[PDB]
Amino acid sequence: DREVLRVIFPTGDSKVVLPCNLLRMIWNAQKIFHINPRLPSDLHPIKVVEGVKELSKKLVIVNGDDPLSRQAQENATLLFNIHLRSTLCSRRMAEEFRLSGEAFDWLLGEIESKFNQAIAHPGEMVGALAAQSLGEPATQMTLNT
Amino acid sequence: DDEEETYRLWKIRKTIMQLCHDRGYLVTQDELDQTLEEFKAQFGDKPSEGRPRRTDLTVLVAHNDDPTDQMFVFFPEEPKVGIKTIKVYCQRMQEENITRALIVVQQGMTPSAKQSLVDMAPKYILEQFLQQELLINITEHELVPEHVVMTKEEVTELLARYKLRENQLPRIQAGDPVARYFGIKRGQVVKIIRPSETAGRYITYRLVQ
Amino acid sequence: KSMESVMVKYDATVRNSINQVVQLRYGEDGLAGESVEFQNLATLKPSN
Amino acid sequence: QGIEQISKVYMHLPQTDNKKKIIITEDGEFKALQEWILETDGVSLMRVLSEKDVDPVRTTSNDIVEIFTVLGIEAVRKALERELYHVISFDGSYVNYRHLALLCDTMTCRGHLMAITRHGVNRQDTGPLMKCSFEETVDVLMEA
Amino acid sequence: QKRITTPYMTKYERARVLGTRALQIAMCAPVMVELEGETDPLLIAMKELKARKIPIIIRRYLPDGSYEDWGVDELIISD
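Chains as they are written, first to last, in the working numbering: chain A, 1 to 145; chain B, 146 to 354; chain C, 355 to 402; chain D, 403 to 546; chain E, 547 to 625.
This is how it looks when you write it as C-alpha cells:
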C-alpha cells in the first residue's frame, strides 16, 4: 500500500478528505476509559490484526458476491482501508496510543457506525446541488486579473 | 536531409511495435527497445538514396491466441495516395490471405481513395493513419488513463449485474485518438481505470458508438 | 438550466433523466460531501 | 525556423513546487528540483510534441478543443477538471471534489464536446415539452 | 427476498411519513400509543415513530421498474 500511494499521489502531499476521523476517535477512547499511558497494556496484537480485518469486511459500498461486483467494492474503499490499516497497526497502538482491551471494541464499534451514515441518500437532487456549488464561487472570481 | 529522416523512421517504427503489442499481437522483446544506432545498422544508414526505401520497413505479425489471424502494415512511397496504389496492396493481401492491414500514409490521401476503402466492409479491413500522429505514443501521456477492451462475454456480465441495457452507458465516438489506437468497432465496450483522490481507484465503462 | 434532473437512484447509481448512467457511484466513492473532513496518510512521506 | 503560429516563447525556472520536477530518491524521499520550462503564445501542439528533446508526456496546452482533436476525450475530461480546479483555487478558496467531477462528467458524456449554451442544450434525447420552454415553442411543437 | 436497498430510513422518507401520519390523526384516526396530555397532531405522530408503531409501508422504486416494500417497523431510524 505504501508503494501504491506513491503512484496515486505523485507530487507527495498528504492532505486528503475522508470519512470519520481516526485520531480524534482514539483520543476520545483514551478518556472515556481513563487510559493511563504509563503502565503496560493488555491488548494482544493478534487481536488488533484480526479485529481490523473483521471491521474492514463490514464496510460495504457495493454489495455483491460475484466478480466485477467484488472488485468494484475493493476499488471503492481502497484509500480508506489503507488509511485504517496504517493508523491502527500493532506497533503504533502498543507504543503511542496504548489502548486497553475494553477500549478497543468501543473504537471498532464506532468506526463502523459513523461510516454507515456517511453513505449518500437515494434521492437527493445531486445535479442542482453541484450547479450552485460552483456558480457562487464564480462570484468570488476576480473580473480581469 | 537524411539524419532527420533516419531518426523519424526509427521513431515511427518503435511506436508501431507497441501499438500492435497493445492489440494483443506477438512482438519479440528486443524489437520494443530497438535503439537508434541498432536500427541504423540493420536497415541502412540513410533512406536518402539509401537501402531503407520506405519499403523493406513493412511488418507482418501474428496474434498470440491464434497463429492464423495476422496483421500487416504498409508504408506508401508517394506523399498522397491514389486508387490502384491501395489495390496494389489489396492484391498483396488477396495473395497472402491476410485481412488485418494498416497503411502509414505519408502526408495525405485523396477523396477518391477515401471512397475506395469504405467499400470492402465484410473483408480486407484497413486502417488509415498519418505519418505525424505515430511520432509519439499518446497512451503514455500524463492525462490519458489506461484503457482495456473487454471480451463479449464480460460485457454481458455488466448489463446483468447492474441490470442495465447497453444504451444507458457513457458513450465514446470511434473517431478520437484512443478509439483508433486500439482498433475499436461500434458495439464494443472499453474499460477505463483511473486513480482518484477520494477513493483511490475508480473503474468506468464506455460504449463506442 | 443544464443539469437540472441528475439524481441518485435507489441502487446507488447517478442517472440522467432518460436513465443514462453518468457515474457508477456518486463522486466515485459513494459518500455525501457533508460528513467528511481532512486527514493525513502518514505513510507516503517518510523515508525507507 | 520554428512553427508558423507560435510567435513569442519565454523562458524561466520556477521556485514553487507546482512546476518543479519531483523525484523519489533511493531512500524513498520526495525531492523537488528546479528545471527550465518554456511557455509560448500560440498553439499547434501536434508538431511541438513531435520535436526532439521535448518531453512528450508532460507537455500540454490550455485550449481543450486542441486536446480533443489531438489526445482524445478522456484527456479533455481531465484537462477541464484541472483548469476548473486552478481557476477556483486561485484566491485560496476551496470547493469539494464531487462537484467538479460531476460537472466535468455530465459535460462530456455523449462522446463529443457539447457546450452548456443555447444550441448545446438544443441537442439531446429530451422531450418536446422541455424545448417548448426555450424560445422555439411553436415550431418544434408543430414538428412534434 | 433479494433486497438490494439500504436498511436505513432515509432523510426524505422520514419527512413524508411524519407528514402523512400527522394528517391522518387530525381526521380522527385511532392512535397507537399511550399519549399523556398531548394534543398537537404532529407531536403525537413523532412519538409513534420513536416507538416503531406507525402502520405504513414504503414502496421503493428501483430505476429498472422493480420495487420492494419495507415496513416502517423494519427500518433503522436515522435520527
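Every residue, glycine too, gets a C-beta built ideally from N, C-alpha and C.
(request) Starting from the beta carbon of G127/A, find every residue of chain C whose beta carbon is closer than 8 Å, and list them in chain order. (result) Locating residue 127/A in the first sequence gives position 127, counting from the first residue. Per Cβ cutoff of 8 Å: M357, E358, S359, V360 and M361.
(request) Closer than 8 Å, Cβ to Cβ, to anything on chain C: give me those residues from the segment 313-331 of chain B, in chain order. (result) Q313, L314 and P315
(message) For a minimum of 4 consecutive residues, which ranges assigned as the alpha helix (DSSP H) are wholly contained in the segment 293-320 of chain B?
(response) 300-306
(request) Anything in chain C within Cβ reach of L309/B, meaning under 8 Å, just list it in chain order. (result) The residue given as residue 309/B occupies position 164 in the second sequence. Within chain C, the residues near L309/B are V375.
(request) To the nearest angstrom, report how far apart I119/A and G384/C are at their CA atoms. (result) Position 119 of the first sequence, counted from the start, is the residue given in the question as residue 119/A. Position 30 of the third sequence, counted from the start, is the residue given in the question as residue 384/C. Using only the alpha carbons, I get a separation of about 6 Å.
(message) Below 8 Å on the Cβ atoms is my contact criterion, and I expect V293/B with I329/B to pass it. Report the Cβ-Cβ distance as a whole number of Å.
(response) The residue you call residue 293/B lines up with position 148 of the second sequence. The residue you call residue 329/B lines up with position 184 of the second sequence. Contact flag wrong, Cβ pair sits at about 12 Å.
(request) Return the CA-CA distance between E222/B and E431/D, expressed in angstroms with no decimal places. (result) For the purposes of this step, residue 222/B is identified with residue 77 of the second sequence, where counting begins at 1. For the purposes of this step, residue 431/D is identified with residue 29 of the fourth sequence, where counting begins at 1. In a straight line, the C-alpha of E222/B is about 52 Å away from that of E431/D.
(message) Quick check on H488/D - is its C-beta less than 8 Å from some C-beta in chain B?
(response) Along the fourth sequence, read from residue 1 onward, the residue named residue 488/D stands at position 86. No - not a single Cβ of chain B is within 8 Å of the one on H488/D.
(request) Taking the CB atoms as reference points, tell me whether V563/E and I623/E lie closer together than 8 Å. (result) Position 17 of the fifth sequence holds residue 563/E. Position 77 of the fifth sequence holds residue 623/E. Result no, Cβ atoms of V563/E and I623/E do not sit closer than 8 Å.
(request) Please classify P122/A: is it buried, with 16 or more other beta-carbons within 10 angstroms of its beta-carbon, or exposed? (result) In the first sequence, the residue the question calls residue 122/A occupies position 122. Buried is the call here.
(message) Checking 8 Å against the spacing of the C-beta atoms, do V17/A and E388/C come in under that value?
(response) On the first sequence, residue 17/A is found 17 positions in, with the first residue counted as 1. On the third sequence, residue 388/C is found 34 positions in, with the first residue counted as 1. In this structure, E388/C does not lie closer than 8 Å to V17/A by Cβ.
(message) Residues of the segment 6-20 of chain A in Cβ contact with chain C at a cutoff of 7 Å, in chain order, please.
(response) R6, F9, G12, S14, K15, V16, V17, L18 and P19
(message) With the cut-off set at 8 Å, would you say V450/D and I490/D are in Cβ contact?
(response) Residue 450/D sits at position 48 when you count from the first residue of the fourth sequence. Residue 490/D sits at position 88 when you count from the first residue of the fourth sequence. For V450/D and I490/D, no; Cβs fall outside 8 Å.
(request) Would you give the residue range spanned by the alpha helix (DSSP H) that residue 162/A belongs to? (result) A question about residue 162/A goes unanswered here, because the residues of chain A that appear run from 1 up to 145.
(message) Rounding to the nearest angstrom, what Cα-Cα distance links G169/B and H208/B in this structure?
(response) To locate residue 169/B, count along the second sequence from 1; it is residue 24. To locate residue 208/B, count along the second sequence from 1; it is residue 63. If you take the alpha carbons of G169/B and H208/B, they lie about 6 Å apart.
(message) Whole angstroms are fine: how far does the CA of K363/C sit from the CA of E112/A?
(response) For the purposes of this step, residue 112/A is taken as residue 112 along the first sequence, with counting starting at 1. For the purposes of this step, residue 363/C is taken as residue 9 along the third sequence, with counting starting at 1. So the two alpha carbons sit approximately 24 Å from each other.
(request) Report yes if the CB atom of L502/D is closer than 8 Å to the CB atom of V472/D, and no otherwise. (result) As a first step, residue 502/D is located in the fourth sequence; it is residue number 100 there, counting from the start. As a first step, residue 472/D is located in the fourth sequence; it is residue number 70 there, counting from the start. It is not a contact, given that the beta carbons lie outside the stated cut-off.
(request) Using DSSP bridges, identify the partner residues of residue 387/D. (result) The shown model of chain D, from 403 to 546, leaves out residue 387/D, and the question about it has no answer.
(message) At the level of alpha carbons, what is the spacing between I518/D and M509/D?
(response) For this step, residue 518/D is matched to residue 116 along the fourth sequence. For this step, residue 509/D is matched to residue 107 along the fourth sequence. In a straight line, the C-alpha of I518/D is about 8 Å away from that of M509/D.
(message) Nearest by alpha-carbon distance to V250/B: which of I243/B, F219/B, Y269/B and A266/B is it?
(response) Indexing the second sequence from 1 puts residue 250/B at position 105. Closest by alpha carbon: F219/B.
(request) Report buried or exposed for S535/D, applying the criterion of at least 16 other Cβ atoms within 10 angstroms of its Cβ. (result) Counting from 1 along the fourth sequence, the entry for residue 535/D is found at position 133. By the neighbour-count rule (16 or more Cβ atoms within 10 Å), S535/D is not buried but exposed.
(request) Determine which residues share a DSSP beta bridge with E176/B and list them. (result) As a first step, residue 176/B is located in the second sequence; it is residue number 31 there, counting from the start. The partner list for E176/B (beta bridge, DSSP) is empty, contrary to what the question assumes.
(request) With a 10 Å radius around its C-beta and 16 neighbouring C-beta atoms as the bar for buried, classify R567/E as buried or exposed. (result) Position 21 of the fifth sequence, counted from the start, is the residue given in the question as residue 567/E. The residue in question, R567/E, is buried, as its Cβ has 16 or more Cβ neighbours within 10 Å.
(request) With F217/B as the anchor, note down where its beta strand (DSSP E) starts and where it stops. (result) Counting from 1 along the second sequence, the entry for residue 217/B is found at position 72. DSSP places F217/B in the uninterrupted beta strand (DSSP E) bounded by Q215 to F219.
(message) Using a 10 Å radius around the Cβ and a threshold of 16 neighbouring Cβ atoms, would you call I8/A buried or exposed?
(response) Working through the first sequence from its first residue, we reach residue 8/A at position 8. With 16 or more other Cβ atoms inside 10 Å of its own Cβ, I8/A counts as buried.
(request) Within 10 angstroms of the Cβ of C574/E, are there 16 or more other Cβ atoms? Answer buried if so, exposed if not. (result) Here residue 574/E is taken as the residue at index 28 of the fifth sequence, counted from 1. Label assigned to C574/E: exposed.
(message) Using the three-state DSSP reduction, which class does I281/B fall into: helix, strand or coil?
(response) As a first step, residue 281/B is located in the second sequence; it is residue number 136 there, counting from the start. Coil, per DSSP.
(request) Compare the C-beta of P137/A with all C-beta atoms of chain C and state if any pair is closer than 8 Å. (result) Here residue 137/A refers to the residue found at position 137 when the first sequence is read from its first residue. Closer than 8 Å: no.
(request) Just mark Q333/B as buried or exposed, buried being the case when its beta carbon has 16 or more other beta carbons within 10 Å. (result) Locating residue 333/B in the second sequence gives position 188, where the first residue counts as 1. When all chains shown are included, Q333/B counts as buried.
(request) Let me know if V206/B comes out buried or exposed under the rule of 16 or more other beta-carbons within 10 Å of its beta-carbon. (result) As a working note, residue 206/B is residue 61 in the second sequence. The residue is buried, with at least 16 neighbouring Cβ atoms inside 10 Å.
(request) Check whether the Cβ atoms of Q163/B and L181/B lie closer than 8 Å to each other. (result) Taking the first residue of the second sequence as position 1, residue 163/B is located at position 18. Taking the first residue of the second sequence as position 1, residue 181/B is located at position 36. Cβ distance not < 8 Å, so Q163/B and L181/B don't count as in contact.
(request) Using a threshold of 8 Å, state whether the C-beta atoms of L99/A and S56/A are closer than that. (result) Translated into positions along the first sequence, residue 99/A becomes position 99. Translated into positions along the first sequence, residue 56/A becomes position 56. No, Cβ-Cβ distance for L99/A and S56/A is not below 8 Å.
(message) Quick check: is the beta carbon of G109/A nearer than 8 Å to any beta carbon in chain E?
(response) Translated into the one-based positions of the first sequence, residue 109/A becomes position 109. No, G109/A does not count as interfacial toward chain E.
(request) Could you pull out every residue in the same chain whose Cβ sits closer than 6 Å to the Cβ of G101/A, ignoring the five residues on either side in sequence? (result) One-based indexing of the first sequence puts residue 101/A at position 101. The answer, listed in chain order, is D42 and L43.
(request) Just mark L171/B as buried or exposed, buried being the case when its beta carbon has 16 or more other beta carbons within 10 Å. (result) One-based indexing of the second sequence puts residue 171/B at position 26. Label assigned to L171/B: exposed.
(message) Under 9 Å, CB to CB, which of the residues in the segment 274-289 of chain B have a partner in chain D?
(response) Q277, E278, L280, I281, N282, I283, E285, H286, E287, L288 and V289
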